[PDB]
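Shown here is one chain on its own, the form deposited in one PDB entry, set out as structure tokens.
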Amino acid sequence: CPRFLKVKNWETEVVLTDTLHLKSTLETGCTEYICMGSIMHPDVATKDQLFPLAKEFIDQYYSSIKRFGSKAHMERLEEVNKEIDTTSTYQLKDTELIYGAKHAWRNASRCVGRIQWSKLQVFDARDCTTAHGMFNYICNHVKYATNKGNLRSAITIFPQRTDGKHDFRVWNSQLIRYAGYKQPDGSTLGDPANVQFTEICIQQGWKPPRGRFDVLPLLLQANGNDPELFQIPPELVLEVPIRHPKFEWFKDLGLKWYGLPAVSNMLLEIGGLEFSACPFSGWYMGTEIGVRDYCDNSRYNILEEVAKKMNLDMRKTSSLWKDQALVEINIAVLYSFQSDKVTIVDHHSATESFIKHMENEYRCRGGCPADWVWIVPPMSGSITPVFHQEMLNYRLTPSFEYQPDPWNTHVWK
């Protein structure tokens, strides 16, 4: 591979040079004859596999704190080697854990919000042993991150995988999500995305309210045990009823959303260590709710209802009635959040900040992996600066990875 790759911004003619891609560790799915860049997703490590992974990470940590080659560096290497040799694994120091989490985010090519990467509050929950303890940790996470509306990004890290039969998992894909109920008539109530997980909860004992916006309970698995249900205390769940600054009928749609986006189903990998439960949270970009959650056909699918109330010609698709309702819905989302003083960012601000971030990263780090397909917002793409920006995609480590859904792999006791 060539040492220097150029990326061009086609609207500023700015040219950046990437040297960081040379540190790439995982494969992208592409080959020389086929690009998989629009593909969504293209029993443990052994002593021999673990030795180089850990060293690679440790070196990186010590290079970051400008102590590379030092006494403390070599001592740490030796202490890790000893641990892998005697216990076929090792434990990260708190400094390394915090460093590693922050870098997993920094390395997240799909995330447009990475300018904030270094302000992440890390909660070390590696002493957790039970599902009740997980629940205490997650409740504290929510309260801290939510901060009465002034959201702060945070991550809670539960114990790493050992032999694979003792995994800690959050079965929820996000800590806060709304239920979906499938009706005998084929219709769906609530959020169609969450129907399957909702059914699991019900079988596990959950009594569902059966509404449009019912917050799902946590389904928590500690130490490879069967998962357990817990209701998040309602006062810890901050919510925003959606209204429109101009259209007084918009609040009559009975729409709301939750303030805290909190992905909880990903795997955090640091130095070959696998953290299968690591819920993290930031704050919403408006389009995530306004475009995807609300206007996707397989989600809340409300464009039509919003369109009727706006009195638009919905016969000729060339009237762009869909596009017009889409904009209003997104205006309303940003207005409701800002009015309740709940942190949110519009797609114009976020994308501008990312270009700044990316330029800084190329400058100080020699690159910034980015997944254009994910970085470009799902509305008004070309009128944001990321659309014209060439991006190189590559997988650095530490990182957040996908992992199979736990109900597909769990061995029920």
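In case it trips you up, residue 1 is the first one in the sequence shown, and so on. Only residues modelled in both forms are compared. Whichever C-alpha set is largest while still superposing within 1.5 Å between the two forms counts as the rigid core.
There is also a form deposited in another entry; it is not shown, and the following applies to it.
Among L151, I84, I270, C295, which is the residue that shifts its C-alpha 2 Å or more between the shown form and the other one, core superposed?
The listed residue whose C-alpha shifts by at least 2 Å is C295.
Taking the shown form as reference, are the C-alpha positions of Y300 and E305 brought closer or pushed farther apart in the other form, with a change of 3 Å or more?
Here the pair is farther apart than in the other form; there, closer.
I want to verify one pair: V291 and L218. Are their C-alpha atoms nearer or more distant in the other form compared with the form I supplied, knowing the change is 3 Å or more?
They are closer; the C-alpha distance drops by 3 Å or more in the other form.
Could you identify the runs between the shown form and the other one where three or more consecutive residues, present in both forms, all have C-alpha shifts of 2 Å or more after superposing the core?
After superposing the rigid core, the only shifted stretch between the shown form and the other one is 290-301.
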